[PDB]
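Undergrad: Pasting start.cif here (mmCIF, C-alpha atoms and all ligand atoms):
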```
data_run
#
loop_
_atom_site.group_PDB
_atom_site.id
_atom_site.type_symbol
_atom_site.label_atom_id
_atom_site.label_comp_id
_atom_site.auth_asym_id
_atom_site.auth_seq_id
_atom_site.Cartn_x
_atom_site.Cartn_y
_atom_site.Cartn_z
ATOM 1 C CA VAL X 237 16.978 -6.696 12.845
ATOM 2 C CA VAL X 238 15.023 -3.444 12.075
ATOM 3 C CA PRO X 239 13.106 -2.997 8.796
ATOM 4 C CA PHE X 240 12.455 -0.020 6.518
ATOM 5 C CA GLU X 241 15.467 2.003 7.519
ATOM 6 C CA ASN X 242 14.622 3.876 4.286
ATOM 7 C CA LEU X 243 11.570 5.600 5.842
ATOM 8 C CA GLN X 244 11.195 9.373 5.697
ATOM 9 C CA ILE X 245 8.342 10.448 7.980
ATOM 10 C CA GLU X 246 7.463 14.005 8.891
ATOM 11 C CA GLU X 247 4.317 16.124 8.928
ATOM 12 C CA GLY X 248 4.389 18.334 5.823
ATOM 13 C CA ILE X 249 7.159 16.356 4.110
ATOM 14 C CA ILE X 250 4.955 16.251 0.957
ATOM 15 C CA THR X 251 3.646 19.654 -0.230
ATOM 16 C CA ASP X 252 0.522 20.131 -2.324
ATOM 17 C CA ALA X 253 2.759 21.296 -5.171
ATOM 18 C CA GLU X 254 4.583 17.963 -5.061
ATOM 19 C CA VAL X 255 1.331 15.981 -4.993
ATOM 20 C CA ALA X 256 0.203 17.842 -8.130
ATOM 21 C CA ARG X 257 3.431 16.922 -10.022
ATOM 22 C CA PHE X 258 3.235 13.232 -9.137
ATOM 23 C CA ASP X 259 2.583 11.514 -12.431
ATOM 24 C CA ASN X 260 3.537 7.857 -11.807
ATOM 25 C CA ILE X 261 0.856 6.448 -9.563
ATOM 26 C CA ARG X 262 0.593 2.982 -8.028
ATOM 27 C CA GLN X 263 -2.479 1.993 -6.007
ATOM 28 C CA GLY X 264 -3.228 -1.151 -3.996
ATOM 29 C CA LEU X 265 -6.071 -2.591 -1.876
ATOM 30 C CA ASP X 266 -6.152 -5.019 1.036
ATOM 31 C CA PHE X 267 -9.738 -6.084 1.704
ATOM 32 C CA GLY X 268 -9.831 -6.835 5.425
ATOM 33 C CA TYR X 269 -11.437 -9.686 7.328
ATOM 34 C CA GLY X 270 -12.629 -10.109 10.948
ATOM 35 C CA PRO X 271 -10.895 -7.482 13.137
ATOM 36 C CA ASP X 272 -8.859 -6.447 10.083
ATOM 37 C CA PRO X 273 -9.674 -3.337 7.999
ATOM 38 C CA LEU X 274 -9.798 -2.550 4.316
ATOM 39 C CA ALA X 275 -6.673 -0.609 3.261
ATOM 40 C CA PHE X 276 -6.488 1.369 -0.011
ATOM 41 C CA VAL X 277 -3.147 3.037 -0.740
ATOM 42 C CA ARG X 278 -2.047 5.456 -3.450
ATOM 43 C CA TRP X 279 1.638 6.092 -4.095
ATOM 44 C CA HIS X 280 3.809 7.978 -6.550
ATOM 45 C CA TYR X 281 6.816 6.068 -7.783
ATOM 46 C CA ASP X 282 10.067 7.813 -8.758
ATOM 47 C CA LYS X 283 11.843 5.077 -10.685
ATOM 48 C CA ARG X 284 14.851 7.244 -11.589
ATOM 49 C CA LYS X 285 15.655 7.947 -7.884
ATOM 50 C CA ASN X 286 14.273 4.627 -6.571
ATOM 51 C CA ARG X 287 11.906 6.289 -4.069
ATOM 52 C CA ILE X 288 8.146 6.068 -3.368
ATOM 53 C CA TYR X 289 5.898 8.781 -1.954
ATOM 54 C CA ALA X 290 2.599 8.118 -0.108
ATOM 55 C CA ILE X 291 -0.102 10.312 -1.720
ATOM 56 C CA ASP X 292 -3.347 9.144 -0.038
ATOM 57 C CA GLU X 293 -5.031 6.248 1.816
ATOM 58 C CA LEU X 294 -8.314 4.811 2.990
ATOM 59 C CA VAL X 295 -8.377 2.533 6.012
ATOM 60 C CA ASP X 296 -11.776 1.216 7.089
ATOM 61 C CA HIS X 297 -12.619 -1.411 9.770
ATOM 62 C CA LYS X 298 -16.279 -1.452 8.778
ATOM 63 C CA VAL X 299 -15.662 -2.711 5.281
ATOM 64 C CA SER X 300 -17.812 -1.040 2.617
ATOM 65 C CA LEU X 301 -16.912 -1.510 -1.010
ATOM 66 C CA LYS X 302 -19.446 1.221 -1.868
ATOM 67 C CA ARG X 303 -17.717 3.690 0.413
ATOM 68 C CA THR X 304 -14.302 2.726 -0.943
ATOM 69 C CA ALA X 305 -15.695 3.222 -4.464
ATOM 70 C CA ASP X 306 -17.233 6.594 -3.587
ATOM 71 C CA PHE X 307 -13.878 7.762 -2.183
ATOM 72 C CA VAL X 308 -11.836 6.650 -5.196
ATOM 73 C CA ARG X 309 -14.285 8.323 -7.596
ATOM 74 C CA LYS X 310 -14.722 11.492 -5.471
ATOM 75 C CA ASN X 311 -10.961 12.059 -5.482
ATOM 76 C CA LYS X 312 -10.567 11.061 -9.167
ATOM 77 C CA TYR X 313 -8.305 8.095 -8.385
ATOM 78 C CA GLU X 314 -10.007 5.666 -10.803
ATOM 79 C CA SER X 315 -7.991 6.872 -13.826
ATOM 80 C CA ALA X 316 -5.132 4.874 -12.244
ATOM 81 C CA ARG X 317 -5.045 1.077 -11.889
ATOM 82 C CA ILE X 318 -5.787 -0.644 -8.532
ATOM 83 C CA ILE X 319 -4.089 -4.003 -7.798
ATOM 84 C CA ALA X 320 -6.214 -5.768 -5.132
ATOM 85 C CA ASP X 321 -5.860 -8.641 -2.694
ATOM 86 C CA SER X 322 -6.835 -11.693 -4.764
ATOM 87 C CA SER X 323 -8.304 -13.792 -1.901
ATOM 88 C CA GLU X 324 -11.661 -12.048 -2.365
ATOM 89 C CA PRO X 325 -12.404 -12.500 -6.113
ATOM 90 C CA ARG X 326 -16.021 -11.378 -5.671
ATOM 91 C CA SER X 327 -15.107 -8.188 -3.829
ATOM 92 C CA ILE X 328 -12.976 -7.364 -6.878
ATOM 93 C CA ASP X 329 -15.966 -8.326 -9.072
ATOM 94 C CA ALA X 330 -18.226 -6.112 -7.007
ATOM 95 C CA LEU X 331 -16.014 -3.037 -7.179
ATOM 96 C CA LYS X 332 -15.823 -3.477 -10.943
ATOM 97 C CA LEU X 333 -19.338 -4.567 -12.037
ATOM 98 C CA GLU X 334 -21.316 -3.101 -9.107
ATOM 99 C CA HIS X 335 -19.499 0.158 -8.262
ATOM 100 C CA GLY X 336 -17.807 1.222 -11.512
ATOM 101 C CA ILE X 337 -14.123 0.868 -10.566
ATOM 102 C CA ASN X 338 -13.127 -0.326 -14.048
ATOM 103 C CA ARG X 339 -9.376 -0.608 -13.471
ATOM 104 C CA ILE X 340 -9.353 -2.873 -10.437
ATOM 105 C CA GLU X 341 -7.576 -6.253 -10.803
ATOM 106 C CA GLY X 342 -6.305 -9.176 -8.713
ATOM 107 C CA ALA X 343 -2.778 -9.538 -7.383
ATOM 108 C CA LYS X 344 -1.106 -12.000 -9.766
ATOM 109 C CA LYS X 345 1.596 -12.903 -7.254
ATOM 110 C CA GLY X 346 0.990 -15.593 -4.602
ATOM 111 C CA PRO X 347 1.679 -16.089 -0.862
ATOM 112 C CA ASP X 348 5.246 -17.187 -1.754
ATOM 113 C CA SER X 349 6.152 -13.631 -2.706
ATOM 114 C CA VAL X 350 5.265 -11.711 0.482
ATOM 115 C CA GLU X 351 8.812 -12.143 1.691
ATOM 116 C CA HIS X 352 10.188 -10.865 -1.671
ATOM 117 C CA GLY X 353 7.730 -7.985 -2.046
ATOM 118 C CA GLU X 354 8.680 -6.884 1.470
ATOM 119 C CA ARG X 355 12.369 -7.065 0.578
ATOM 120 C CA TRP X 356 11.772 -4.988 -2.542
ATOM 121 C CA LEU X 357 10.106 -2.194 -0.624
ATOM 122 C CA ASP X 358 12.868 -2.446 2.025
ATOM 123 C CA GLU X 359 15.535 -1.920 -0.637
ATOM 124 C CA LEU X 360 14.005 1.255 -2.045
ATOM 125 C CA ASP X 361 16.210 4.314 -1.626
ATOM 126 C CA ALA X 362 13.480 6.086 0.346
ATOM 127 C CA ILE X 363 9.834 5.608 1.344
ATOM 128 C CA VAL X 364 8.419 9.091 1.918
ATOM 129 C CA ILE X 365 5.333 9.448 4.130
ATOM 130 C CA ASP X 366 3.471 12.548 5.333
ATOM 131 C CA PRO X 367 1.436 11.578 8.366
ATOM 132 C CA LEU X 368 -0.899 14.545 7.709
ATOM 133 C CA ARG X 369 -1.852 12.805 4.404
ATOM 134 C CA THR X 370 -1.573 9.129 5.163
ATOM 135 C CA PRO X 371 -1.373 8.565 8.960
ATOM 136 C CA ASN X 372 -2.162 4.829 8.856
ATOM 137 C CA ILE X 373 0.613 4.122 6.343
ATOM 138 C CA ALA X 374 2.841 6.186 8.639
ATOM 139 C CA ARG X 375 1.863 4.232 11.790
ATOM 140 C CA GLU X 376 2.155 0.793 10.191
ATOM 141 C CA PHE X 377 5.457 1.219 8.379
ATOM 142 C CA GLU X 378 6.982 2.959 11.434
ATOM 143 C CA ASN X 379 6.005 0.241 13.945
ATOM 144 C CA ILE X 380 6.187 -3.006 11.902
ATOM 145 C CA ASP X 381 8.864 -5.457 13.104
ATOM 146 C CA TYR X 382 10.303 -8.680 11.662
ATOM 147 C CA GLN X 383 8.814 -11.956 12.948
ATOM 148 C CA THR X 384 11.022 -13.787 15.388
ATOM 149 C CA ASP X 385 11.424 -17.564 15.232
ATOM 150 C CA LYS X 386 11.323 -20.535 17.664
ATOM 151 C CA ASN X 387 14.507 -19.369 19.422
ATOM 152 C CA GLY X 388 13.623 -15.688 19.491
ATOM 153 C CA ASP X 389 16.001 -14.643 16.671
ATOM 154 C CA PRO X 390 14.658 -12.524 13.800
ATOM 155 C CA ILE X 391 13.621 -13.904 10.392
ATOM 156 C CA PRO X 392 13.220 -12.286 6.913
ATOM 157 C CA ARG X 393 9.420 -12.005 7.193
ATOM 158 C CA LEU X 394 7.528 -8.991 8.569
ATOM 159 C CA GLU X 395 4.935 -9.674 11.289
ATOM 160 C CA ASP X 396 1.479 -10.479 9.813
ATOM 161 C CA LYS X 397 -0.193 -7.882 12.053
ATOM 162 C CA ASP X 398 -1.038 -4.184 11.731
ATOM 163 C CA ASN X 399 0.245 -4.493 8.155
ATOM 164 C CA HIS X 400 -2.728 -3.708 5.956
ATOM 165 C CA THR X 401 -1.329 -0.674 4.173
ATOM 166 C CA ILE X 402 1.998 -2.548 3.867
ATOM 167 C CA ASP X 403 0.312 -5.468 2.124
ATOM 168 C CA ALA X 404 -1.672 -3.003 0.017
ATOM 169 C CA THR X 405 1.572 -1.245 -0.970
ATOM 170 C CA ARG X 406 3.080 -4.627 -1.866
ATOM 171 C CA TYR X 407 0.199 -5.327 -4.254
ATOM 172 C CA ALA X 408 0.381 -1.803 -5.738
ATOM 173 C CA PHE X 409 4.023 -2.262 -6.812
ATOM 174 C CA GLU X 410 3.957 -5.962 -7.692
ATOM 175 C CA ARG X 411 4.363 -5.268 -11.457
ATOM 176 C CA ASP X 412 7.405 -3.065 -10.840
ATOM 177 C CA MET X 413 9.552 -6.035 -9.648
HETATM 178 MN MN MN L 1 -5.567 -8.855 2.515
HETATM 179 MN MN MN L 2 -4.990 -7.007 6.032
#
```
Give the structure from the file, written as structure tokens.
TA:
Amino acid sequence: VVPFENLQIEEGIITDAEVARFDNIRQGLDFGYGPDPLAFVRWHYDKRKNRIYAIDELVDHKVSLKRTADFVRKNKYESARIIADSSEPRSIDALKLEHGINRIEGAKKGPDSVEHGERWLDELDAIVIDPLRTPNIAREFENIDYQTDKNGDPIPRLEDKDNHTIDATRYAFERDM
């Protein structure tokens, strides 16, 4: 009935010391469309405790691949791989050939895995989010509900709304499943 019971959300929950130690990065990108924004996400993954930690984000309603590229490079986030929304193959091309993000690549998994990717995140021991670092990830994950069906009963799919960092996280971890 209520998803992501595993959330840990508090301002300051991730210190700068911790961020420095994080050495197992996963990054994802949803591209945005119409009213929907571009969402880049960067996480650290603790496989031995089954937890993920939100390190940084970029959410942008006025979608600019240049600006997204400038941000990734400015912060030195291009040493790590980015798994991107594969519905925009030319946006992926552009980041790579146009803007120098060499380690960007398309989500291999299809639209018949959303449900499973969402379950995988949901079954993590903990999803740790500092709203001072990643406030959009915090808002989305905190407020996202399950879709309800014809009757009004809940179903195993998250709402397809205000879920851009969620999607982006799903892409980021798709090889870890
Ligand atoms: Mn998308
Ligand atoms: Mn989206």
Undergrad: To verify the selection step, state as a list in words which residues the PyMOL selection byres (((not hetatm)) within 7 of (chain L and resi 1)) yields on this input.
TA: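 Checked against the file, the PyMOL selection byres (((not hetatm)) within 7 of (chain L and resi 1)) matches residues 266, 267, 268, 321, 400 and 403 of chain X.
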Undergrad: Restrict the selected residues to C-alpha atoms and save them as a CSV table (one decimal), keeping the file's coordinate frame.
TA:
```
chain,number,residue,atom,x,y,z
X,266,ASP,CA,-6.2,-5.0,1.0
X,267,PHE,CA,-9.7,-6.1,1.7
X,268,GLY,CA,-9.8,-6.8,5.4
X,321,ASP,CA,-5.9,-8.6,-2.7
X,400,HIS,CA,-2.7,-3.7,6.0
X,403,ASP,CA,0.3,-5.5,2.1
```
Undergrad: If I take CA of residue 323 (chain X) and CA of residue 386 (chain X), how far is one from the other in Å, to one decimal?
TA: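 Pair CA of residue 323 (chain X) / CA of residue 386 (chain X) returns 28.5 Å.
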Undergrad: Give me the result of the PyMOL selection byres (((not hetatm)) within 12 of (chain L and resi 2)) on this file, residue by residue, as an NGL selection string.
TA: :X and (264-276 or 295-297 or 299 or 320-324 or 376 or 395-407)
Undergrad: Counting only C-alpha atoms, select every polymer residue within 7 Å of (1.7, 6.6, -11.0) as defined in the file's coordinates, and provide the selection as a list in words.
TA: residues 259, 260, 261, 262, 279, 280 and 281 of chain X
Undergrad: What is the distance between CA of residue 278 (chain X) and CA of residue 302 (chain X), in Å to one decimal?
TA: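 Pair CA of residue 278 (chain X) / CA of residue 302 (chain X) returns 18.0 Å.
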Undergrad: Any chance you could work out the residue set of the PyMOL selection byres (((chain X and resi 362) around 8) and not hetatm) here, as a ChimeraX atom specification?
TA: /X:242-244,286-288,360-361,363-364
Undergrad: Suppose you want the space between CA of residue 304 (chain X) and CA of residue 370 (chain X); what is it in Å?
TA: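 Separation of CA of residue 304 (chain X) and CA of residue 370 (chain X): 15.5 Å.
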Undergrad: From the options X:389, X:366, X:314, X:348, which residue's atoms come nearest to residue 292 (chain X), counting all atoms listed in the file?
TA: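 Smallest separation from residue 292 (chain X) among the options: X:366.
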